[PDB]
Amino acid sequence: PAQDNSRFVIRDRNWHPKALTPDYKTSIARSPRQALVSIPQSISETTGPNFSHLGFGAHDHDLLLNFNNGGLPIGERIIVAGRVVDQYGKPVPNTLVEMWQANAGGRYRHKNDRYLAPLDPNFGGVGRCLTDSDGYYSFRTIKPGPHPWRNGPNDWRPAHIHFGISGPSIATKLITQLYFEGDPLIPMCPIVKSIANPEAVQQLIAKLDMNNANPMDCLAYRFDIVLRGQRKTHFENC
Amino acid sequence: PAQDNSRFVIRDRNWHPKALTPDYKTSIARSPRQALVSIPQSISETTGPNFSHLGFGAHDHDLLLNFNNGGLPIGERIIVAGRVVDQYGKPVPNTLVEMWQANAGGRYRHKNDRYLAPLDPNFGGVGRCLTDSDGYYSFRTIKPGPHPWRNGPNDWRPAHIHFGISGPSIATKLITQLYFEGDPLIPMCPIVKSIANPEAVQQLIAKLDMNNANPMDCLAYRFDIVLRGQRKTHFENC
Amino acid sequence: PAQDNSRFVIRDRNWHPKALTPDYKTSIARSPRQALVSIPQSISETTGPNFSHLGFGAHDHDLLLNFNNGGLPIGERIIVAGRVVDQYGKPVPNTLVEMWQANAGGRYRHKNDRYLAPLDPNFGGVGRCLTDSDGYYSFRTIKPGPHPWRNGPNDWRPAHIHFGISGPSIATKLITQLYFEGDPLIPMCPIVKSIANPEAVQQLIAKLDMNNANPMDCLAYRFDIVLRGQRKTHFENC
Amino acid sequence: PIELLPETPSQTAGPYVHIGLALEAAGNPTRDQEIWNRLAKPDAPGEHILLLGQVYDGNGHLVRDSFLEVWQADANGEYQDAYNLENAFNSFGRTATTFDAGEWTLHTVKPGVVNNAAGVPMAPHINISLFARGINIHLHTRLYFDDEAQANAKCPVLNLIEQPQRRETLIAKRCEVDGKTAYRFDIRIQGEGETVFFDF
Amino acid sequence: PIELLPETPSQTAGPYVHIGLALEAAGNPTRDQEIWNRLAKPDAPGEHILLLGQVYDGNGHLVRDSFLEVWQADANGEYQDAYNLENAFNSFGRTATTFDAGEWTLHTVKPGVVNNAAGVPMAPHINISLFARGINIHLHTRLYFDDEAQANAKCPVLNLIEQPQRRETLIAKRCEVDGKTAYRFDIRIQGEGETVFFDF
Amino acid sequence: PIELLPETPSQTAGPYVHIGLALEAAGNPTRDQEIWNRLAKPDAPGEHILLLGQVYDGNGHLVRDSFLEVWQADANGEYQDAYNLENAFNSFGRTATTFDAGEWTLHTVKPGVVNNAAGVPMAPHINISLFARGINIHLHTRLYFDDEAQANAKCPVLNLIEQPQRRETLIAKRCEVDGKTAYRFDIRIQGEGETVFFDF
Amino acid sequence: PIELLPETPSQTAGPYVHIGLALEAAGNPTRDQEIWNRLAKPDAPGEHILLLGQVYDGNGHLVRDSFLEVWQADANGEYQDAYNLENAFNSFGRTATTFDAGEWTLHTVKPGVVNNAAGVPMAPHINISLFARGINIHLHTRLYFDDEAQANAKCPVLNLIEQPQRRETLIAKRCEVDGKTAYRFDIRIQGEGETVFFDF
Ligand SMILES: [Cl-]
Ligand SMILES: [Cl-]
Ligand SMILES: [Cl-]
Ligand SMILES: [Cl-]
Ligand SMILES: [Cl-]
Ligand SMILES: [Cl-]
Ligand SMILES: [Fe+3]
Ligand SMILES: [Fe+3]
Ligand SMILES: [Fe+3]
Ligand SMILES: [Fe+3]
């Protein structure tokens, strides 16, 4: 079983996006109006699943091969890699990183997406990876395309990859989005801008990583993830 | 009996904290949602109690002695002094200044304060003082400790002393909080930060006042209060 | 037995306070007037006591409990923690850190302290801690109050905690004082200002460390210590 | 334009207000002289009334830690500013809600009519200022009386409330409590039936 | 003061969350191993229960694209972090609301009792994280049980909710579904009966 | 050029050093294990000696609040770093001057000869560090023995003191105190007969 | 912190101080009224005394251009601030050292006892401010009397001087000059027997 022997740095909820961010229209009716109730951390909050023994398929991290229906997907071949650390700089090893994204034309393989850009018969758009003993993960994929959506009358998501990271506890678990260096859709996006602090937004922007590219093959982007800092309990019930 | 003979500069309700300031959680459900109704000033608003003839005990302004149970309170001995003026810079003589605070450990002597830092048997936490004919008041006390509170999961009040000042009318009556120079908790407090203007926050910070200190005895802090400007009526009902 | 196997970076005696610093009056008659005599480092200078096997009591590092006379001390509950490293940035494991301080009111429990702020029956003022295998130490205490002293006619120590750190040799042994972030007494103290470089003074200021605080319980301050750099001998007697 | 010194900004009175401002309520020993909820000694001129009320947040829940300050004319419609516990009557008082029932009480006389600055009579009223944890600057309101319909209908201050329906939030409800004339004045800080609050 | 690396900021999970996290519900093929809504195989120890609920927005309308992650103790009150689809019991699971009825289900056992950090027993509960389009950072809540009324009344987490009426929002209602103990736990994100959400 | 992290700067130990570092002296209760002035248990090898001395400021007045730390080889000229109050001998000790007489005392053995880094024997010596109110960084010195004239004459550390007259400030004076071998080592911080202080 | 107007900084009185402050001693004509060295007319109450002293620099050499201002209580221990050359007694006076012998004199009465601010009796004393070329800010000292040994031993100001030997520097020596009680008070600005100077 799991034990309560750690504490996690309290979240800065003005660094994160707030609940009510009206320019992102769906958040209006889907945001609480009451204050969140602060509770102290107990074993319920400071523990969480470890996926070391989840069975991973050989292509789970590789979106160029995990939806093979006779060929390679069309689009910019890229590696997406990085390190998952906590706020103290400590690697987060053997942690689950999941990702999902649209195809090269901004079309999602989801029954609810009727955008007129076509599906790619060799692209599904889901991956997962356990971090290594040093906190590293990597994916191989196609760079996604921007996506129009029914928010404002001419709103377009920047190219983006959705990420889900478990970390060591249910307190550290995070869902976020990766954006791409220099994309001029980024400052126009009301989802991006649900984050008030521009320095926070910068933290979501993956950087072109030529050092990690395969020549004549695929480019590479770096996306590092910082989860809440973990420390030992001290001077508790004494 | 009191007369209608003066008008008070209208409040700047963007200088004062707004009613709704959600990081201060309790304000969410205790802020009106309708606009305040502006009314002209009449004798009802422009008069107020004069406390010159209230009977003040010898130690009402001295917290080192007003709760004597056979010793001195523990903690940093301080004079808290200043002047009450209005916005025109005019002194406010013979006005009621009241104050209340936690002990040295951040413990309030109030049944609903269950913070685990102990009470101090020689410390109550309450004082009052009428300003003298030139607008000056002073207290002697112990510097209050920071106090944790159930807002966010790791929120702490800066050291603070609550103040209530009557002034010449119910229009000028004010409750506020004094903070102390250099306290690094100040910028992190959602009660302080209910004030949107940083220059307004500065008006609440008492300054270390070495010139007013008793050597080998007690330090001193200076806290001046500005109440609404009072002017004569002019050109009314003509 | 100890061996001569290391050399320590020479002190910068313009970084440390000079011997003669006349605003600190007691230094006038207790500073040598002849130059120090430089001697090369030998086994006498490059070894020192290891305190791993000294017997530490359960509360030697906890001032909230190491002077228990039937209650908790009054004042602001705090963790004082940090790391001991050398100038190369190398951790100093299993080293002796000792500390002593006044109570919440600036009163020292010492027969020659006759300051009129009362003693606290549950507060002694002394702690010790061996650094762990990664260089970390921590104490739990009450934040000391400022203390007036007979130097100039209105001089007050900032709140401070005295520190002694053994390190790997008598060459590294150091006594210093910790001060607290934002304390406006700091720039006015002739003991602080015995240090001529303002950047040296900054190295003595503990920082409020919210991430290390126990919510609803105690705050925390971070104080890291840098001891002389230790290197191997090289090219000696050849 | 002309800028004066800025007013010292407001802060919440906080949950422990009572200890500085309502000593009994905190669990605290009182001093010899306290500013409290008895505005009229038994021998004051005018009609002796008990005032009571409860305070509700925007979720309909009792505000048990609120503190009220009141200012009113005597029966003759004059404001008595020389505060003194020897006086038959004081125009100023303080009260607070109990940590159980959440009810405050005031012992006073019905105020006489007072004119506005233009000479227009206002309906009899008690000026109220409301303080509490979560209230960053105090809320101003007025307590009028349901047995003064004629005067209320003509009050130049009530007539400044654009919607008539909102005027009713300021009208205290007459009853009897143990044979004495009483009025209930509930305050709703937020939402359905929100009490009118003033700026002046 | 001490400043650490800033946490990577949250973003909405988005409407297509099912693509990466609920593969069936998206309409896509599943991999051989999936994290889903069966925390207990028939052979697991404890009382086997069905959980179900719907999720409402501020207008009273179903959230048909929401995604829930849960974390609960086994029947002994111990958290099982070694996630494995070979286990009879996993402490963690995932479920989603159908785009049709808007209802999620979970197949699990009732959790045993867990103490808080101070050693006070918490009523049996399931920790829930709610994700969806329009939800910028996930909402944390707890599902407690209406057949644990006496434990719930002593829970030190429930007692941190200041108003007793808001605690009700966390209490799942017991029923029977096809001969199995079941509880309904509906979530109201905003407005009348808004579900209590936690920060920790 | 290469700059490393700067050393944490020194500060005075201050007048109340004893309370953290010499608990008896302050008027304070001691803990079970203390670092003090008995370096050798009665059964340690070597010649058992009492060391004593007083400390003078630049006006010739006693420094009653000084604190000394000492480091020395055992009789065999080896440094015993594994500090342990069970040990027959420890190479480290602490002492202090009484608030009356101003005299400190150490109970130890005469140290054996130790070689410098070049292999040259140094005369028997005790390394001393002196702390006090008004001393901003501690003063390093050495205690040599007047009955080791041959060795002293040849010490590569004593020979680094340019003036011979100053070497004599480091030579402790042999006596007997109640039949036991003793040496007096007075320190003059400043002025006539100023003790040699070292930098290393 | 609070910063006030800064005090106008001191400068030396300079060698020609006698021009403005000691008109005779300069060699210049005096005005009709001069502040000088007779604090008592023959008719003043108390023991009449002559005071004299010389002033030495750090080399043991006379300061022949020094100027002293004194302030003392009358024989009853009361300070007389209403300066008037018609008074039998003034609490204030001025004197200077002759360019020839280097000696100053004052004609006064022995001051009575004055309590400190805490009500503890101070031994009889004269407050002195010393001015001269080379003295950038004046030096404050006190002249106490050797026929007050027992009072001097209890003086709370003398007892602030940490070393008993330095207190001696403040004790004037009683003699007889032409049949009058006299005391010598020499001042040594620097070095061996340096006179205690105060800050207040
Ligand atoms: Cl496979
Ligand atoms: Cl690995
Ligand atoms: Cl001002
Ligand atoms: Cl560091
Ligand atoms: Cl309850
Ligand atoms: Cl003495
Ligand atoms: Fe407070
Ligand atoms: Fe998306
Ligand atoms: Fe100190
Ligand atoms: Fe000149």
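Examine the stretch G:134-154 for a residue that is within 14 Å of another protein chain (Cβ to nearest Cβ) and of a type in the set (D, E, K, R), and state whether such a residue exists.
no
Please go through the stretch C:140-153 and pick out each residue that is hydrophobic (A, V, I, L, M, F, W, C) and either within 8 Å of chain B (Cβ to nearest Cβ) or buried (at least 24 other Cβ atoms within 10 Å of the Cβ) (or both).
Listed by number, the list holds a single entry, C:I142.
Going by the conditions given, is B:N103 more than 7 Å from chain D (Cβ to nearest Cβ), more than 16 Å from ligand 7 (Cβ to nearest atom), in contact (Cβ under 8 Å) with a residue 24 or more places away in the chain and polar (S, T, N, Q)?
no
Would you confirm whether or not the stretch F:50-63 contains a residue that is closer than 23 Å to C:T95 by Cβ and surrounded by 20 or more Cβ atoms within 10 Å (Cβ to Cβ)?
Within the stretch F:50-63, not a single residue is closer than 23 Å to C:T95 by Cβ and surrounded by 20 or more Cβ atoms within 10 Å (Cβ to Cβ).
Report every pair of residues separated by at least 6 positions or lying on different chains whose Cβ atoms are under 6 Å apart, first residue within the stretch B:36-65 and more than 8 Å from chain D (Cβ to nearest Cβ) and in a loop (DSSP other than H, G, I, E, B), second of a type in the set (D, E, K, R) and buried (at least 20 other Cβ atoms within 10 Å of the Cβ).
B:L64/B:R140
Would you confirm whether or not the stretch C:85-92 contains a residue that is within 11 Å of chain F (Cβ to nearest Cβ) and buried (at least 21 other Cβ atoms within 10 Å of the Cβ)?
Of the residues in the stretch C:85-92, the ones within 11 Å of chain F (Cβ to nearest Cβ) are C:85-90.
In the following step, the residues that additionally are buried (at least 21 other Cβ atoms within 10 Å of the Cβ) were identified as C:86.
Checked the stretch C:85-92: at least one residue is within 11 Å of chain F (Cβ to nearest Cβ) and buried (at least 21 other Cβ atoms within 10 Å of the Cβ).
Read through the list (1) of a type in the set (F, W, Y); (2) more than 16 Å from ligand 8 (Cβ to nearest atom); (3) buried (at least 22 other Cβ atoms within 10 Å of the Cβ), then give the number of the only condition that A:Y179 fails.
Status for A:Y179: all satisfied but (2).
Are any residues in the stretch A:1-20 farther than 30 Å from A:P153 by Cα and of a type in the set (F, W, Y), and if so, which ones?
Passing the criteria: only A:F8.
If the requirement is being within 30 Å of A:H61 (Cβ to Cβ) and buried (at least 24 other Cβ atoms within 10 Å of the Cβ), which of these qualifies: E:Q72, E:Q80, E:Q33?
Exactly one of E:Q72, E:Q80, E:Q33 is within 30 Å of A:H61 (Cβ to Cβ) and buried (at least 24 other Cβ atoms within 10 Å of the Cβ), namely E:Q72.
Among what's in the stretch G:7-19 and is free of Cβ contacts under 8 Å to residues at least 24 places away in the same chain and surrounded by 11 or more Cβ atoms within 10 Å (Cβ to Cβ), pick the residue that is nearest to ligand 2 (Cβ to nearest atom).
G:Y16
Go through the stretch A:21-39 and give me each residue that's out of contact with any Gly (no Cβ under 8 Å at 6 or more places or on another chain) and either more than 28 Å from A:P153 (Cβ to Cβ) or buried (at least 17 other Cβ atoms within 10 Å of the Cβ) (or both).
A:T21, A:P32, A:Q34, A:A35, A:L36, A:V37, A:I39
Which ones in the stretch G:170-200 are assigned to a loop (DSSP other than H, G, I, E, B) and surrounded by 14 or more Cβ atoms within 10 Å (Cβ to Cβ)?
G:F185, G:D186, G:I189, G:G193, G:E194, G:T195, G:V196, G:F197
Taking the stretch F:103-124, which residues are part of a loop (DSSP other than H, G, I, E, B), of a type outside the set (S, T, N, Q) and facing chain C (nearest Cβ under 7 Å)?
Answer for the stretch F:103-124, where residues must be part of a loop (DSSP other than H, G, I, E, B), of a type outside the set (S, T, N, Q) and facing chain C (nearest Cβ under 7 Å): F:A117, F:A118.
May I ask you to verify whether A:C129 is within 16 Å of ligand 1 (Cβ to nearest atom) and of a type in the set (A, V, I, L, M, F, W, C)?
Against the criterion (within 16 Å of ligand 1 (Cβ to nearest atom) and of a type in the set (A, V, I, L, M, F, W, C)), A:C129 qualifies.
Within the stretch E:155-169, count every residue that is in a helix (DSSP H, G or I) and either in contact (Cβ under 8 Å) with a residue 60 or more places away in the chain or within 14 Å of chain D (Cβ to nearest Cβ) (or both).
Here the count works out to 6.
Anything in the stretch G:149-168 that is more than 16 Å from G:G119 (Cβ to Cβ) and out of contact with any helix residue (DSSP H, G or I) (no Cβ under 8 Å at 6 or more places or on another chain)? List them, or say none.
Of everything in the stretch G:149-168, those that are more than 16 Å from G:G119 (Cβ to Cβ) and out of contact with any helix residue (DSSP H, G or I) (no Cβ under 8 Å at 6 or more places or on another chain) turn out to be G:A149, G:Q150, G:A153, G:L160, G:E162, G:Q163, G:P164, G:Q165, G:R166, G:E168.
For the stretch A:170-178, state whether one or more residues are more than 16 Å from ligand 3 (Cβ to nearest atom) and more than 11 Å from chain E (Cβ to nearest Cβ).
no
Restricting attention to the stretch E:125-148, report how many residues are out of contact with any helix residue (DSSP H, G or I) (no Cβ under 6 Å at 6 or more places or on another chain) and not in a strand (DSSP E or B).
Of the stretch E:125-148, the ones out of contact with any helix residue (DSSP H, G or I) (no Cβ under 6 Å at 6 or more places or on another chain) are E:125-126, E:128-132, E:135, E:137-141, E:143, E:145-148.
Add one more test, that the residue is not in a strand (DSSP E or B), and what stays is E:125, E:132, E:135, E:137-138, E:146-148.
Going through the stretch E:125-148 one residue at a time, the tally reaches 8.
Tell me, yes or no, whether the stretch A:16-26 has at least one residue that is part of a loop (DSSP other than H, G, I, E, B), within 23 Å of E:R31 (Cβ to Cβ) and touching a residue at least 40 places away in the same chain (Cβ under 8 Å). Working first, answer last.
If we filter the stretch A:16-26 for residues that are part of a loop (DSSP other than H, G, I, E, B), which is where we start, we get A:16-24.
Checking the rest, the ones that are also within 23 Å of E:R31 (Cβ to Cβ) come to none.
No - not one qualifying residue is present in the stretch A:16-26.
Kindly evaluate B:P73 against the criterion of being facing chain D (nearest Cβ under 7 Å) and either more than 23 Å from the chain's Cα centre (by Cα) or part of a loop (DSSP other than H, G, I, E, B) (or both).
no
Would you be able to say whether some residue in the stretch F:53-65 is within 16 Å of ligand 9 (Cβ to nearest atom) and in contact with a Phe, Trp or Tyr (Cβ under 9 Å, 6 or more places away or on another chain)?
Checking the stretch F:53-65: at least one residue is within 16 Å of ligand 9 (Cβ to nearest atom) and in contact with a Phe, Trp or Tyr (Cβ under 9 Å, 6 or more places away or on another chain).
What pairs can you find where one residue is in the stretch B:211-238 and more than 14 Å from chain C (Cβ to nearest Cβ), the other is among the charged types (D, E, K, R), and their Cβ atoms are less than 6 Å apart, with a gap of 6+ or different chains?
Sorted first by the residue in the stretch B:211-238, then by its partner, the pairs are B:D224/B:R83; B:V226/D:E7; B:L227/B:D86; B:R228/D:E7; B:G229/B:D86; B:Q230/B:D86; B:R231/B:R7; B:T233/B:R7.
C:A159: away from ligand 7 (no atom under 16 Å from the Cβ) and within 18 Å of C:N103 (Cα to Cα), yes or no?
In short, yes.
Among F:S129, F:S91, which is among the hydroxyl-bearing types (S, T, Y) and over 30 Å from C:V201 (Cβ atoms)?
Working: F:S129 fails: over 30 Å from C:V201 (Cβ atoms).
Selected residue: F:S91, the only one of F:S129, F:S91 that is among the hydroxyl-bearing types (S, T, Y) and over 30 Å from C:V201 (Cβ atoms).
What's the number of the condition B:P121 fails, among (1) out of contact with any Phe, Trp or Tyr (no Cβ under 9 Å at 6 or more places or on another chain); (2) in contact (Cβ under 8 Å) with a residue 40 or more places away in the chain; (3) surrounded by fewer than 23 Cβ atoms within 10 Å (Cβ to Cβ); (4) not in a strand (DSSP E or B)?
Going through (1) out of contact with any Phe, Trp or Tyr (no Cβ under 9 Å at 6 or more places or on another chain); (2) in contact (Cβ under 8 Å) with a residue 40 or more places away in the chain; (3) surrounded by fewer than 23 Cβ atoms within 10 Å (Cβ to Cβ); (4) not in a strand (DSSP E or B) one by one, B:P121 breaks only (1).
Read-outs throughout are calculated quantities, based only on the coordinates presented, and are distinct from any laboratory measurement. All Cβ positions, even for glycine, are placed from backbone atoms using ideal geometry, and neighbour counts span all protein chains on display.
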